[PDB]
Structures are given as structure tokens and as C-alpha cells.
RNA sequence: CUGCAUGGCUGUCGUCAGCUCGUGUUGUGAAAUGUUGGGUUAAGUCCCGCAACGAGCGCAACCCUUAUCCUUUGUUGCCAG
């Protein structure tokens, strides 16, 4: 990206709900190009989350994502022999991506029996803004507010 | 050409007062509207006298190099030049065309090899890049050297549109003793010019007049 | 860096194969070795016959050698004699019956192989390498080469430190697949070892 | 019955020239001919190390394409049989006949 | 007379024969459900019947070989649209905008000497 | 045995954008300019500018393959009616 700027591939929407957002999610959860088996785990987790937690499947997703979404972050930088930490205000599209990514990662780093149950309980926890993924947003802010001086 | 005949084309129009070169005091009628007005009393006899010597030169099989690289007039100089079986330079003059002719001559050989090969040698079997890449080279050489491609030697005279714009070509001529005939506008330096023709050197209507006149007298001088 | 063999890269494009017979895997190896043994035999016996190139093809149960030579009378010998004696031993080496064809090399100074051999033989005679090269170039151009270069490598003039040197007149676009580039090789076995000669000749395009 | 000729060669322009010869000859000698059909090209390949010692990543990648043609001749009219059967064909073409 | 469209993708190639009447689909003598165990892929063959409307309007009789699941479903997608355009060709502007007219040209990239795959490079040790 | 006497082959910086010549011009001269600049290109790519005008090798093109289609040919491939 020295010279060549680019657009971004605009992936197809989630097959079940027609959501580009959930397509960004299944892909992020996907491993070894196992798309078939990835969306299976995302839905069953949404189905587990939907059925027994007040429904509104897309909305349930947002309530949880709303909570792990980070408004600002820090970008490392090396000036006069010094590695300064510059807090940057982060753009909406990626805001979702980090939010989704930390939810997925916290789910695999969990004790429950399957990825679907884990994913479901991560969303639930995030929905109540608690657990690992939310905590990942908070460290980002503690780390950001600290270097507030250099913005 | 006639005083009446010239006036219509606007040969009499010159540059502003602010841009004049003082050496050209004799040939300025005066000025109006902060613009210099050239003297057509002075222009015509001097111009006719230019045509005579050109007519003489052409009648001993003399080679005439038309020079005028203004973008606006580049085409007109070509047609003017070809209409009398002579040679031209109609895009950026390469410094040393005359003084370094032996080296620039090689580029002429290159030109011919290229258009000859692309036609009689034909190729058209290429690699797909060479079609344009060789045309690229040929395209360039054509603008640069299309007009003198068959000149063979050093010209016997130069006819120049705008002495300041073409100061390089006029300077090479000077060094080689080649006589220079030039349209020399109020802002320019007439010192390099053996036969100074003072009039507008921009306006396509004015340019074509001298040039149209020049190419015509070559043919008369040729027709003998 | 390393350059691609300019004869090889152009095979199928503007350069012909020198072996052009067909054969299945069964006998492809045997045919290819038989080719080697005949080319070798002929290349020795005709060393002083300016043989620049040997084409071999194998129609049905036959083999026919074409000897491209700048000295056909030599190769042929008085009333077919030398042709004939070559035939009878090619046929031995080949196994199958054999026929020999002879193609004149009209202008050998444009033939890279005979250029390279000519310089090779000249280094063995004790000619100076700059001369031999420069005679080759000059000759090649006055006869209408679009370009030529000849390289010489290793221990020029018996120098202790081995050197590589080339001369080049005109035009030699080696990256142009279209370009008729005639390329070949020769080794000069000298009193102080081996001097390799490479030669390129550009003859126009398509 | 029918006579079918399988043609194989390493060079394409040369193979269908040999094919063309045969078909035309047949068509002129009043034989009826199915084909020529292009049967799939079997291209062997070879990858060889390019250096005399070590440098395992430095290689040449060669291939030999073997071209295939099927010439099917419906009526075996003897004039046709003699027409074909002393044709002068490119040496580097292998010709197979089925009977 | 049948209205036809060829479609292909990766190493697959699908032939697609259109005729009016119904919402019937028979790939390789088999049913749409039977042939594709994945229901998402089922949706892509249906797609060319979205912007262009079939409910019980035309029969598509199709077949395919080569490639895999999504290759065969992509290829059939492609071939239908061509058979739709065959039927009118006005329809296209819709199909263009859909992305369905295009022949997705992305083939698997060859494996290269000195590399572990088409691009994956042998791990590099500094010492 | 010597790759520190060699040929041929190969790695490598690196498919990086470089390397040069004639004539001209500048400097007593080694040399310079061209190929010092402003933009832009994958690129000494291209364009303006320019005491340089031009040209050659390398860049690109011509080559193989892949993506759409047309004509030819249907067996051992194909099966719409």
C-alpha cells in the first residue's frame, strides 16, 4: 500500500438473512475454507441466542456488537528514537470488524462444549456488556485515554 | 504581397509596448491600445526583397528549410513547405540539427529503416508490444524529423516563423553561414536575421500569408 | 545474470529443430543416441569441410542426414565417392538404411556456427583474439547483418587471469522472440587450455 | 468396411497438412470421408535442474506435445486405396491404419 | 424450440435448456434438492429467477460436469441467465447489474518451481 | 589435486531500471551534458521542460496458457428433437 490505494471486495450477503454483516462474521469465524461448516456454527449460535433470549435475531446480534464496538484506539509510531503511542479515532467499517473479531476469538478461548455454545454465550455476555470481548474494548480505551496527550 | 493585402491579415498587429525589444524601433509605426503597430511601409519592400533572394536561391536548386514550431501553426508550415518540394521543422527543434548534423543524420537513417521496415519489410508479426513500441519510436521521429528526412545535406537557407521562439535554429544557421529569412515580431531580436521581415508571427491568418507567399515564390523560382 | 539459450527459446517460433523425426517412448532414447553417434562421426570426418549444421529425420524405417556445408564439393568428393562412404557407415551406426543430403551454406560469414569455428580455428593457429573477432564482425556486417556480436572467454593470449571479451556492431535484440537470431558455439583447445567462443547474428525480424 | 488412419506428430501445422493431403486425395478420388477430427493432444513434461551442481530451485520446464488426428474413410474404392497408398507424407508424421 | 445457455466456472460446465411452464428443475436427471445437499448453493441457481421472475412460468432442464459444488452451481447460474437473455435479451440490464452475466475468470493458479504451492514460499531461515 | 590456471552451466543484487554510443556543445584536462528539473508510470514508462539532436541494449511488444465468441471437424467424446 505504498502507492496503490484500493477499494474493498464487497462480499455476498449472509445466505439466510441476506446480511453483508453476518457474511463478514461467518468468514471471520471460518477456518480452512470450511464455509459450509462455519455458517452452521454461526446460525446454531444465533438460534441458541435467538430462541431462549428474547428473539430479534439481527437485533440481538447488534445489542452484543454495540457493546464490543470500539470508538478509539492507538497506533504505534517511532519518531526521534522513541516509540510513541498515538491514539487514533477509528472508522466505522473496521469498528464492526474488530467488534466481530474479538467476539469470535473470545469464543474459542472459552470452556464450553462446542463453538456454537461458546459463540452463543459470548454474544450473550457481550449483549450484557461483560466477558472477554467487552474487556478487550476497555483495554483499548484505557490504553487510548492514557496517551490522550499525543492526539 | 501588397500593403493592402497584408493589412487585412493583421500582419500589422504586434505585441504589447511592455514586451518590445528596442532594436525594432525603426519598423514600428507607433502604438495604439498599449500594443505596438508595425510599419507596413517598411514590411513589404523588405518582404519582397526576402522573396527575391529566396527565388534566386531556389533557382540554383537551393534547399529551403521552413522552421515554425508553434503548435497553432505547425500544420500550416508543413503544407506550406510540402507545396514547394522543400523541407521543414514543425515540432520542437532538436538542438544541433545543423551544427551536429552528422549525429542527427543517424536518426534520419533510423526513421527510414523504421517506416520502410514497417511497410515493405512490413513485419506486422511483432510480439504485440513492438507494433506500438516501434510505432512509438516512429511516431516520435516523424514529428521531429519528418520534414528534413530527405534533406540529404545542410540547407542553403532558413525561413523562420518567430525569431525569438526559434532563436536556437537561427543561431545554428548563423554559425554555418546559412542565411536566415524570418518573420521578426516587435518583441524579438533582429540581429540574427540577414533578411528581417517585421510583422506578426502568431496569428494563423498572418502566418499563412507570408508562408503562402513563400511557398508560392519557391515554385516560381523552381519552374524557371 | 544468466541468459537463455537464444536458439532454444526460439524453437517453434522462428527457429527450426535440427532433429525432426517422430518416435514413441520405446525407441525415443535409442533414436536420440543414434543421432548423437552419427552427428559425432560426421562432425569429425568433415571437420575441415565447414559443416555448420546437421539435420536428421527418420521416415519409416529410414534415416536421412542433411549436411549443411559451406564446402559441398569437399563433402561430396570426386563423383559422389565421399558422400557414398559416409552413407555406408551412417547406415551402420544408424542400423537402418541411410541417405545423405547436402545443402550449401551460401554465406558462411552469416552462419554463426562457421563464424565461431572460424575464430576457434584461428586461436589455435595463434591469431590475436581482438583481430579474429573484429574480422568476424566487419565481415558479418558488410554482407548485410542487422547486427552481430562475438564473445571470447578464458585466458586470452595465454593470460594467467582468464578474461571474457566481446565485440558488437549493429543490433542484437535478444528479448525479441520474433528476431531471427542465429546463435552458436565453439571451443578453442589451446596450449593454455580452453577458450570458448559464443556468436550471435541478427538477421531481421518475423 | 472402413479404413481409418491415425496420425500423430510433434508439430501441428505439419500434422494437419498431412491430414489435409489425405482427406483431399480421398475427396477427389471419390471416397467418402468422416473427419479429420482433432483427438486430444498428449503433452508430456519434463522438469530438470538447470545447474551442474546444487541450486535446486533453478530449473528448466520442457514439454513435448503429441498431436492426434483421426482420418476415417467410409468407402474403400480401390482407386482411393491406390491414391492414398503411395502418397508422399512428411517424414516426421507417424501414420497408423486400422483395417 | 428449446432456449439454451452454456455456463461454466472453474473446471465445470453447465448446459441449460429453458422451456415455459412451472418451477421445475432437473440437474443431471436428478432433482435440485437431490443434487445439491447444500441449501445455499440451491439459492444461486434460483437467483437468476429473482430479478427475472419465474414462479411457475418456465421449466429449466439442465446438466453439468467438472469442478465441484459451487463451481457447478455458479456455472449453472451463469448458463440460466444466458438462456434467459436468449428468451428476450431486454432482461440483461437487470442481469448485468446482478453480476450474473459475467464469466468469473478466476482459475486456480499453477504450482511453481521453488515454491511450496502457487505462492506459498518455503520458510526462510536467516541462519 | 588446483573452480586462485579454464570452457560450458548456475546462484545472486533483480524483471531492480538500469547500461551505453554518434554528432553537437561545455571544461586546459580527467570528464560533463544528453541520462541534473516539474509531474506520472510496473518501468530511463510517458509528458512538459531542457545545449542538446538522435540512436542501440535492457522496459514494453512479438511467444505459451487462461477468461467470451465465430468458422472447420465429429470418434473412442456429445445426446437437444
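Basis: the model, the stated rules and, where named, an outside source; these are not laboratory values. Cβ atoms come from the backbone with ideal geometry, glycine included; neighbour counts cover every protein chain shown.
Of all residue pairs spaced 6 or more apart or on separate chains, those with beta-carbon atoms under 8 Å, a first member in the stretch E:1-17 that is within 14 Å of residue E:101 (Cα to Cα) and a second member that is part of a loop (DSSP other than H, G, I, E, B) and more than 8 Å from RNA strand F (Cβ to nearest atom) are E:8/E:66; E:9/E:67.
Taking residue C:90 as the residue in question, decide whether it is at negative phi, more than 14 Å from every other protein chain (Cβ to nearest Cβ) and either exposed (fewer than 12 other Cβ atoms within 10 Å of the Cβ) or part of a helix (DSSP H, G or I) (or both). Judged against the criteria, residue C:90 is a match. Take the residues of the stretch E:73-96 that are assigned to a helix (DSSP H, G or I) and without any contact (Cβ under 8 Å) to a residue 40 or more places away in the chain: which is surrounded by the most Cβ atoms within 10 Å (Cβ to Cβ)? Going through the qualifying residues, I end up with E:73.
Applying the condition of being in contact (Cβ under 8 Å) with a residue 24 or more places away in the chain and exposed (fewer than 13 other Cβ atoms within 10 Å of the Cβ) to the stretch C:125-143 and asking which residue is nearest to residue B:113 (Cα to Cα) yields C:143. Residue C:10 - would you say it is out of contact with any helix residue (DSSP H, G or I) (no Cβ under 8 Å at 6 or more places or on another chain), away from chain D (no Cβ under 14 Å), within 16 Å of RNA strand F (Cβ to nearest atom) and closer than 24 Å to residue D:90 by Cα? For residue C:10, the condition - out of contact with any helix residue (DSSP H, G or I) (no Cβ under 8 Å at 6 or more places or on another chain), away from chain D (no Cβ under 14 Å), within 16 Å of RNA strand F (Cβ to nearest atom) and closer than 24 Å to residue D:90 by Cα - is met. When only residues in the stretch E:33-49 that are in contact with a helix residue (DSSP H, G or I) (Cβ under 8 Å, 6 or more places away or on another chain) and assigned to a loop (DSSP other than H, G, I, E, B) count, which is surrounded by the fewest Cβ atoms within 10 Å (Cβ to Cβ)? So, considering only residues that are in contact with a helix residue (DSSP H, G or I) (Cβ under 8 Å, 6 or more places away or on another chain) and assigned to a loop (DSSP other than H, G, I, E, B), the one surrounded by the fewest Cβ atoms within 10 Å (Cβ to Cβ) is E:38.
Within the stretch E:99-119, not a single residue is in a helix (DSSP H, G or I) and surrounded by 13 or more Cβ atoms within 10 Å (Cβ to Cβ). Residue E:60 meets the stated requirement of being at negative phi and either free of Cβ contacts under 8 Å to residues at least 60 places away in the same chain or assigned to a strand (DSSP E or B) (or both). In summary, residue D:39 fulfils each of the numbered conditions (1) more than 13 Å from RNA strand F (Cβ to nearest atom); (2) part of a strand (DSSP E or B) with the single exception of condition (1). Checking each residue in the stretch D:49-99 for being in a strand (DSSP E or B), touching a residue at least 12 places away in the same chain (Cβ under 8 Å) and near RNA strand F (Cβ under 10 Å from one of its atoms) picks out D:59, D:60, D:63, D:65, D:68, D:69, D:70, D:71, D:72, D:96, D:98. In the same structural domain as residue C:196 (by CATH) and touching a strand residue (DSSP E or B) at 6+ places or on another chain (Cβ under 7 Å): is that true of residue C:111 in this structure? Spelling it out, residue C:111 is indeed in the same structural domain as residue C:196 (by CATH) and touching a strand residue (DSSP E or B) at 6+ places or on another chain (Cβ under 7 Å). The set of residues in the stretch B:73-97 being in a loop (DSSP other than H, G, I, E, B), away from RNA strand F (no atom under 12 Å from the Cβ) and surrounded by 15 or more Cβ atoms within 10 Å (Cβ to Cβ) consists of B:73, B:83, B:84, B:86. Hey, any hits in the stretch B:143-151 for a residue that's crowded, with 17+ Cβ neighbours inside 10 Å, in contact (Cβ under 8 Å) with a residue 24 or more places away in the chain and within 14 Å of chain C (Cβ to nearest Cβ)? Checked the stretch B:143-151: no residue is crowded, with 17+ Cβ neighbours inside 10 Å, in contact (Cβ under 8 Å) with a residue 24 or more places away in the chain and within 14 Å of chain C (Cβ to nearest Cβ). Under the condition of being more than 17 Å from residue B:156 (Cα to Cα) and touching a residue at least 60 places away in the same chain (Cβ under 8 Å), the residues counted in the stretch B:69-97 number 11. Of the residues making up the stretch C:164-206, just one is assigned to a loop (DSSP other than H, G, I, E, B), away from chain B (no Cβ under 14 Å), within 7 Å of RNA strand F (Cβ to nearest atom) and loosely packed, with under 15 Cβ neighbours inside 10 Å, namely C:192. In the stretch C:16-47, the residue that is nearest to the other protein chains (Cβ to nearest Cβ) out of those that are surrounded by fewer than 14 Cβ atoms within 10 Å (Cβ to Cβ) and within 14 Å of the chain's Cα centre (by Cα) is C:16. If you check C:106, C:39 for being in a loop (DSSP other than H, G, I, E, B) and away from RNA strand F (no atom under 16 Å from the Cβ), only one passes: C:106.
Residues in the stretch C:144-163 that are more than 20 Å from the chain's Cα centre (by Cα), within 7 Å of RNA strand F (Cβ to nearest atom) and touching a residue at least 24 places away in the same chain (Cβ under 8 Å): C:154, C:155.
Looking at this structure, is residue A:17 away from RNA strand F (no atom under 16 Å from the Cβ) and away from chain E (no Cβ under 14 Å)? Taking the combined requirement at face value, the residue does not satisfy it.
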